[PDB]
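Participant: Just dropping this structure here.
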Amino acid sequence: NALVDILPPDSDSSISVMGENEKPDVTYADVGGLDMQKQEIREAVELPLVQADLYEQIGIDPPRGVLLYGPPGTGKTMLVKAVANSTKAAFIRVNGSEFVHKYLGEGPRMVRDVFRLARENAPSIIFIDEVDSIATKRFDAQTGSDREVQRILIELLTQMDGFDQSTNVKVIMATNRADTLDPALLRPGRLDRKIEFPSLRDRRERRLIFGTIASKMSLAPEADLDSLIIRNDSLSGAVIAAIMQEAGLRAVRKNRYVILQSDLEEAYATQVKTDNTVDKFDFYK
Amino acid sequence: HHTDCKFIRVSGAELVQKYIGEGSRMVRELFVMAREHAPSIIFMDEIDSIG
Amino acid sequence: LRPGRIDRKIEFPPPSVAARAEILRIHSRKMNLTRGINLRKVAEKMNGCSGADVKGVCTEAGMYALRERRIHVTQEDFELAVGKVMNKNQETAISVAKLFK
Amino acid sequence: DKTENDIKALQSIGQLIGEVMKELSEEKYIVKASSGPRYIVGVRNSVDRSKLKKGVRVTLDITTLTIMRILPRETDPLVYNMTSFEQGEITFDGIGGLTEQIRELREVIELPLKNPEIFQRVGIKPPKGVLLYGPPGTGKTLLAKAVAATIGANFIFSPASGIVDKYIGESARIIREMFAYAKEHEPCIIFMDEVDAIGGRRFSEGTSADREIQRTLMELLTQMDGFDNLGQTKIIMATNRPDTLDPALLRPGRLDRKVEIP
Amino acid sequence: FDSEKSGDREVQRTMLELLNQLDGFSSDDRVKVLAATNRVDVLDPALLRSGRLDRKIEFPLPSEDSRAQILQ
Amino acid sequence: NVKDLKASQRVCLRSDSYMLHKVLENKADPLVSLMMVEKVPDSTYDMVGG
Ligand SMILES: Nc1ncnc2c1ncn2[C@@H]1O[C@H](COP(=O)(O)OP(=O)(O)OP(=O)(O)O)[C@@H](O)[C@H]1O
Ligand SMILES: Nc1ncnc2c1ncn2[C@@H]1O[C@H](COP(=O)(O)OP(=O)(O)OP(=O)(O)O)[C@@H](O)[C@H]1O
Ligand SMILES: [Mg+2]
Ligand SMILES: [Mg+2]
């Protein structure tokens with residue numbers, strides 16, 4: 001029981017990098033619209049990776065942490081993959097279910113590894129897939145395990161202040177809800193930029209999202225992607241990832257390798273679900 | 001900073017604690033800590049968004 | 001609100017126009033400015049009712065200046081920031097109508 | 001000889017399993033043990049460097065802590081109990097009049113499993129995941145058993161609550177290893193039986209029990225989607241009332257069809 | 001088994017495991033269940049169905065003659 | 001000794017059977033826990049001024 005040697009930061013990883021030993025799988029072309037938010041995600045990620053010093057010379061306060069919020073399905077995670085593919089920096093895919101308590105001291109030790117790894121071979125991106133199971137708006141804190149989850153989040157706060165004044169991109173995290181968030185996590189200096197993702201978007205931002213998933217697939221000369229833009233007006237990004245996927249299943253009942261408009265409107269009818277924004281429940285015009 | 005008080009910003013949170021873990025029992029005790037480390041300013045920021 | 005436990009009430013009003021100009025200046029003391037920018041001129045473009053609005057006009061001016069990639073924050077970025085932040089006032093929750101009963 | 005074999009085991013000693021967490025140096029390896037705490041440990045010349053990769057289980061001694069040999073992977077004692085359910089069988093037409101629902105069911109399920117190669121022609125994303133929903137008695141579990149038998153692929157058959165444990169964090173571990181196991185086993189088909197309160201909403205104003213729900217729920221989505229994507233390997237989600245679940249389970253793309261069995 | 005924001009989501013996880021062992025992977029074919037209940041208004045819809053509880057025995061208010069037997 | 005020792009003081013041990021050795025040169029205040037996890041730096045009147 002004495003200190004007989006020291007270990008480099010690189011070694012003793014939670015898990016090795018996925019961004020200079022693997023390459024993210026989704027590109028920025030597979031993102032359709034949210035162009036207003038795309039100007040912002042290259043502000044949030046890309047500019048602190050190539051050079052932090054641009055901000056310094058102006059003297060404007062940097063952005064620190066990236067908060068992605070929205071109702072699920074809107075491509076928060078897909079976007080993380082996107083800008084990591086364009087920038088071609090290091091990326092570390094961890095999750096909070098690899099951080100969760102299992103042994104005594106598991107929680108703090110596991111949080112520390114990823115930051116040590118990112119900083120030594122900086123500039124780097126740390127991704128925590130979600131923080132909805134650690135960070136919960138309320139805690140009972142009258143049981144040992146609820147204070148363990150809290151130990152894991154508290155270390156994350158401490159490592160976040162540590163991560164600042166570095167040319168790394170501060171932790172990426174997404175949340176599926178508005179009541180996962182605490183008034184000590186969204187504090188500026190912890191999460192600066194709050195990139196929106198609505199289920200509202202406008203007619204142009206619905207329009208681009210259909211066309212990209214149609215670029216992926218075969219089409220027929222009678223296929224209409226633009227007759228769906230006005231049917232429903234409360235969509236998310238991956239409810240279109242299902243309608244299109246279903247058109248390739250209805251086609252295989254025919255034994256077809258192009259997509260028909262019959263296939264695409266039959267899939268439209270499902271997966272939408274009850275909606276009151278659509279033009280049939282609307283008489284306020 | 002001028003008065004040399006401990007600026008204790010409370011926020012209506014259960015996350016600031018991890019050692020008692022409810023606000024009701026941390027009213028006496030918060031006072032007692034602010035007396036240990038006196039002078040102090042207990043900035044209990046109520047919000048009333050809670051629930 | 002029991003009577004005798006409240007011997008001081010500090011109301012912070014919506015900014016005056018002498019106060020609202022100085023909030024812009026506070027943030028700009030870390031920043032580089034192209035010489036000749038008056039944040040009192042911008043304050044007369046603003047009408048405001050909170051000093052949060054003017055903090056967003058400065059943040060925007062340095063992020064427009066980041067987009068350009070110039071060291072100085074230029075004067076058109078503070079023109080664009082007020083109109084961009086006012087659009088943002090109509091998108092966080094409407095509040096300036098004049099359309100009343 | 002029956003007792004000679006017992007002597008030879010007896011004068012030997014046990015091994016304690018690890019896995020290679022990270023390579024440090026030529027003769028020094030960092031492992032994370034299956035019991036927990038990490039060590040630095042050595043190697044004999046009974047193993048090669050080109051024969052070790054990470055996540056590969058290794059032996060250690062319990063008296064010197066040195067690797068002598070490569071060890072196959074481990075897989076839950078729990079998930080072996082699911083492969084021992086196969087009873088409740090019925091023919092391929094075993095649901096009268098809902099035979100149409102079988103057709104819808106195989107388009108996601110049986111056809112890309114057997115041949116992904118015809119769906120390259122179509123050019124769409126690999127089909128994954130289905131929800132069965134309907135009032136009790138409509139053979140949602142019966143349709144699950146029937147697509148297990150007819151395909152004849154590896155099959156589980158997970159109880160909602162035999163993947164929960166007292167410790168909140170072992171409950172996450174089981175399904176992590178259940179999706180790994182499904183990737184070791186071509187055409188593994190996973191019926192989650194009676195999900196209601198293990199994939200439920202955010203809740204968290206009741207007991208502390210409700211934070212185990214979340215913890216487990218994230219696990220499922222991260223396997224399905226990320227730098228792991230399943231087209232070999234199929235999800236059948238059986239639920240007893242449609243609107244009981246978290247909205248991420250109401251987001252199709254993991255769960256591409258929401259099939260109604262009348 | 002639609003509960004929100006309470007700890008009846010802990011309670012139902014011991015209900016669903018029972019319904020798992022009344023799904024047929026046999027081990028419920030000679031293994032039986034009697035159940036007594038005092039309120040029949042709140043029974044689960046997955047226990048209304050047969051294959052879980054199959055035979056449904058009503059217990060009445062005693063008839064004229066029956067009361068006299070009971071006393072005796 | 002017992003008059004150099006008071007409550008809530010961190011010590012170092014040489015486990016000869018848990019033989020108290022020295023005071024520890026570190027402590028984390030329990031009030032500072034709250035303040036940490038909040039995380040606040042100092043301000044003056046140029047952050048209010050105007
Ligand atoms: N808008 C979209 N258009 C096309 N494909 C999409 C879209 N959104 C997601 N996908 C595809 O769906 C899969 C999963 O995406 P991902 O898990 O990143 O989504 P998410 O919305 O962040 O999920 P969650 O609901 O768990 O937060 C990937 O194969 C991805 O390419
Ligand atoms: N749709 C059906 N068609 C024919 N037989 C059926 C059907 N549904 C149930 N059965 C019969 O009832 C038995 C038990 O029903 P099962 O356990 O499959 O019920 P379930 O309602 O699908 O289950 P759960 O309530 O868990 O969703 C079956 O073994 C079969 O004999
Ligand atoms: Mg997510
Ligand atoms: Mg069943």
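Residues are referred to by chain and number: the chain letter is A, B, ... according to the order shown in the structure tokens, the number counts from 1 in that chain, and ligands are numbered separately from 1 in the order shown.
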Give me, as a count of residues only, the contact residues of chain A against chain F at a cut-off of 12 Å, counting only C-alpha atoms.
Facilitator: 22
Participant: Can you pull out every residue with an atom within 8 Å of ligand 1? Use only C-alpha atoms and all ligand atoms and format it as JSON, numbers by chain.
Facilitator: {"A": [26, 30, 31, 32, 71, 72, 73, 74, 75, 76, 77, 78, 79, 80, 81, 130, 174, 175, 176, 209, 210, 212, 213, 236, 237, 238, 239, 240, 241], "D": [125, 218, 221, 222, 225, 226, 229, 247, 248, 249, 251, 253, 254]}
Participant: Would you mind exporting C-alpha atoms of the selected residues as a compact mmCIF listing (two decimals), in the first residue's frame?
Facilitator:
# COMPACT_ATOMS: atom_id res chain seq x y z
CA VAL A 26 -23.89 9.63 -39.90
CA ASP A 30 -28.28 12.86 -43.63
CA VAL A 31 -29.58 15.81 -41.67
CA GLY A 32 -32.25 17.64 -43.56
CA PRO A 71 -39.13 16.00 -27.69
CA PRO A 72 -37.43 12.80 -28.85
CA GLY A 73 -37.03 11.83 -32.47
CA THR A 74 -35.84 15.21 -33.68
CA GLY A 75 -32.31 14.12 -34.54
CA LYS A 76 -30.42 15.45 -31.56
CA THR A 77 -28.09 12.48 -31.48
CA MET A 78 -27.86 12.24 -35.23
CA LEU A 79 -26.54 15.78 -35.24
CA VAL A 80 -23.80 14.98 -32.78
CA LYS A 81 -22.57 12.32 -35.16
CA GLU A 130 -28.28 11.04 -22.47
CA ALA A 174 -29.17 15.52 -24.94
CA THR A 175 -32.39 15.35 -22.98
CA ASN A 176 -35.78 14.09 -24.09
CA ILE A 209 -36.51 16.44 -44.20
CA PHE A 210 -38.68 14.46 -46.60
CA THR A 212 -33.20 13.57 -47.83
CA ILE A 213 -34.68 10.21 -46.88
CA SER A 236 -40.50 15.15 -35.75
CA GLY A 237 -37.56 14.08 -37.87
CA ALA A 238 -37.66 10.33 -37.34
CA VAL A 239 -41.42 9.97 -37.71
CA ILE A 240 -40.50 10.60 -41.31
CA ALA A 241 -37.74 8.04 -40.94
CA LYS D 125 -32.83 1.47 -44.03
CA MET D 218 -32.01 4.32 -21.85
CA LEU D 221 -32.42 2.71 -27.01
CA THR D 222 -28.65 2.96 -26.99
CA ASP D 225 -29.44 3.00 -32.20
CA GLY D 226 -25.94 4.41 -32.14
CA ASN D 229 -27.69 -1.01 -35.47
CA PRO D 247 -42.37 8.85 -25.86
CA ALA D 248 -39.03 7.54 -27.08
CA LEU D 249 -40.77 4.21 -27.42
CA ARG D 251 -40.91 7.27 -31.80
CA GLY D 253 -37.34 4.05 -36.09
CA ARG D 254 -36.54 1.52 -33.42
Participant: Looking only at the backbone, which of the residues in stretch 158-193 of chain D does DSSP tag as alpha helix (DSSP H), as a list in words?
Facilitator: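 After running DSSP on the backbone, stretch 158-193 of chain D has alpha helix (DSSP H) at residues 171, 172, 173, 174, 175, 176, 177, 178, 179, 180, 181, 182 and 183 of chain D.
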Participant: Show me, as an mmCIF file with N, CA and C atoms, in the first residue's frame, the residues that have an atom within 10 Å of residue A:104 when counting only C-alpha atoms, minus same-chain residues fewer than 3 positions from it.
Facilitator:
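The resulting around_35.cif:
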data_model
loop_
_atom_site.group_PDB
_atom_site.id
_atom_site.type_symbol
_atom_site.label_atom_id
_atom_site.label_comp_id
_atom_site.auth_asym_id
_atom_site.auth_seq_id
_atom_site.Cartn_x
_atom_site.Cartn_y
_atom_site.Cartn_z
ATOM 1 N N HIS A 101 -23.645 3.269 -10.821
ATOM 2 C CA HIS A 101 -23.028 2.613 -9.671
ATOM 3 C C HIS A 101 -23.148 1.104 -9.743
ATOM 4 N N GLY A 107 -18.505 5.219 -9.292
ATOM 5 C CA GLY A 107 -19.100 6.386 -9.891
ATOM 6 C C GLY A 107 -18.098 7.489 -10.179
ATOM 7 N N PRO A 108 -17.373 7.924 -9.143
ATOM 8 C CA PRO A 108 -16.375 8.981 -9.378
ATOM 9 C C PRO A 108 -15.258 8.559 -10.315
ATOM 10 N N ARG A 109 -14.820 7.308 -10.211
ATOM 11 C CA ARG A 109 -13.662 6.885 -10.979
ATOM 12 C C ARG A 109 -13.997 6.888 -12.455
ATOM 13 N N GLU A 148 -26.203 7.798 -4.629
ATOM 14 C CA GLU A 148 -25.141 7.420 -5.555
ATOM 15 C C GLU A 148 -25.326 8.089 -6.914
ATOM 16 N N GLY D 36 -14.978 -6.635 -10.026
ATOM 17 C CA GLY D 36 -14.876 -5.203 -9.916
ATOM 18 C C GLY D 36 -13.460 -4.661 -10.061
ATOM 19 N N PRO D 37 -12.898 -4.150 -8.948
ATOM 20 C CA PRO D 37 -11.683 -3.309 -8.983
ATOM 21 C C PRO D 37 -10.608 -3.643 -10.012
#
Participant: Write out as number ranges by chain each polymer residue whose atoms come within 9 Å of residue A:96, counting only C-alpha atoms; drop sequence neighbours fewer than 6 positions from it.
Facilitator: A: 128-134; D: 215, 218
Participant: Would you list the residues that come within 9 Å of ligand 2? Count only C-alpha atoms and all ligand atoms and give the answer as number ranges by chain.
Facilitator: D: 88-90, 94-98, 132-145, 193-194, 238-240, 261-262; E: 16, 19-20, 22-25, 45-47, 49-52
Participant: Report as an MDAnalysis selection string the set of chain A residues whose atoms approach chain C to within 10 Å, with distances computed over only C-alpha atoms.
Facilitator: chainID A and resid 39 43 47 54:62
Participant: Mind checking which residues fall within 7 Å of residue D:255, counting only C-alpha atoms, ignoring those fewer than 5 positions away in the same chain, and posting them as a VMD selection string?
Facilitator: chain D and resid 128 to 131
Participant: Keeping C-alpha atoms for every residue in the selection just given, could you write it to a file as a JSON list (two decimals), in the first residue's frame?
Facilitator:
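Once written, out.json looks like this:
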[["chain", "number", "residue", "atom", "x", "y", "z"],
["D", 128, "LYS", "CA", -36.24, -3.12, -37.10],
["D", 129, "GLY", "CA", -38.78, -3.50, -34.34],
["D", 130, "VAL", "CA", -42.53, -3.92, -33.92],
["D", 131, "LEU", "CA", -45.15, -3.15, -31.33]]
Participant: Which residues are close to stretch 42-50 of chain F, i.e. within 10 Å by only C-alpha atoms, leaving aside same-chain residues fewer than 3 positions away? Reply as a ChimeraX atom specification.
Facilitator: /B:1-2,7 /C:15-16,18-23,25-27
Participant: Could those selected residues go to a file with N, CA and C atoms, as a PDB file, in the first residue's frame?
Facilitator:
ATOM      1  N   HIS B   1     -18.782  40.212  -1.038  1.00  0.00           N
ATOM      2  CA  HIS B   1     -17.324  40.117  -1.113  1.00  0.00           C
ATOM      3  C   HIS B   1     -16.704  41.214  -0.271  1.00  0.00           C
ATOM      4  N   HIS B   2     -17.322  42.393  -0.327  1.00  0.00           N
ATOM      5  CA  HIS B   2     -16.934  43.511   0.516  1.00  0.00           C
ATOM      6  C   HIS B   2     -17.172  43.200   1.990  1.00  0.00           C
ATOM      7  N   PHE B   7     -21.379  33.802   0.665  1.00  0.00           N
ATOM      8  CA  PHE B   7     -22.509  34.005  -0.234  1.00  0.00           C
ATOM      9  C   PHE B   7     -23.093  32.638  -0.518  1.00  0.00           C
TER      10      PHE B   7
ATOM     11  N   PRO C  15     -35.164  49.131 -16.967  1.00  0.00           N
ATOM     12  CA  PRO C  15     -34.048  50.074 -17.035  1.00  0.00           C
ATOM     13  C   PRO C  15     -34.486  51.430 -17.543  1.00  0.00           C
ATOM     14  N   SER C  16     -33.850  52.455 -17.006  1.00  0.00           N
ATOM     15  CA  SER C  16     -33.801  53.711 -17.717  1.00  0.00           C
ATOM     16  C   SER C  16     -32.868  53.626 -18.906  1.00  0.00           C
ATOM     17  N   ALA C  18     -30.418  55.832 -19.512  1.00  0.00           N
ATOM     18  CA  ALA C  18     -29.056  55.991 -19.033  1.00  0.00           C
ATOM     19  C   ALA C  18     -28.523  54.690 -18.454  1.00  0.00           C
ATOM     20  N   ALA C  19     -29.391  53.885 -17.842  1.00  0.00           N
ATOM     21  CA  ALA C  19     -28.967  52.606 -17.286  1.00  0.00           C
ATOM     22  C   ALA C  19     -28.804  51.538 -18.356  1.00  0.00           C
ATOM     23  N   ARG C  20     -29.636  51.615 -19.386  1.00  0.00           N
ATOM     24  CA  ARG C  20     -29.673  50.557 -20.376  1.00  0.00           C
ATOM     25  C   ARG C  20     -28.477  50.649 -21.301  1.00  0.00           C
ATOM     26  N   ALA C  21     -27.939  51.855 -21.461  1.00  0.00           N
ATOM     27  CA  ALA C  21     -26.743  52.045 -22.270  1.00  0.00           C
ATOM     28  C   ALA C  21     -25.515  51.463 -21.575  1.00  0.00           C
ATOM     29  N   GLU C  22     -25.494  51.559 -20.256  1.00  0.00           N
ATOM     30  CA  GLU C  22     -24.352  51.097 -19.500  1.00  0.00           C
ATOM     31  C   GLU C  22     -24.330  49.589 -19.369  1.00  0.00           C
ATOM     32  N   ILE C  23     -25.492  48.945 -19.440  1.00  0.00           N
ATOM     33  CA  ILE C  23     -25.464  47.485 -19.449  1.00  0.00           C
ATOM     34  C   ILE C  23     -24.733  46.981 -20.692  1.00  0.00           C
ATOM     35  N   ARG C  25     -22.404  48.529 -22.114  1.00  0.00           N
ATOM     36  CA  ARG C  25     -20.979  48.794 -21.912  1.00  0.00           C
ATOM     37  C   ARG C  25     -20.323  47.755 -21.003  1.00  0.00           C
ATOM     38  N   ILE C  26     -21.095  47.215 -20.062  1.00  0.00           N
ATOM     39  CA  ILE C  26     -20.513  46.328 -19.066  1.00  0.00           C
ATOM     40  C   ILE C  26     -19.941  45.100 -19.738  1.00  0.00           C
ATOM     41  N   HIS C  27     -20.684  44.572 -20.697  1.00  0.00           N
ATOM     42  CA  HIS C  27     -20.303  43.356 -21.388  1.00  0.00           C
ATOM     43  C   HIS C  27     -19.177  43.620 -22.348  1.00  0.00           C
TER      44      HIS C  27
END
Participant: My list of candidates is C:1, C:42, C:24, C:10. Which is closest to chain F when distances are computed with only C-alpha atoms?
Facilitator: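 The answer is C:24, which sits nearest to chain F.
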Participant: Which residues are near residue A:257? Cut-off 9 Å, only C-alpha atoms, ignore same chain within fewer than 3 positions. Put them as a list in words.
Facilitator: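 Once the adjacent positions are removed, what remains is residues 218, 219, 220, 248, 251 and 252 of chain A; 118, 119, 120, 121, 122 and 123 of chain D.
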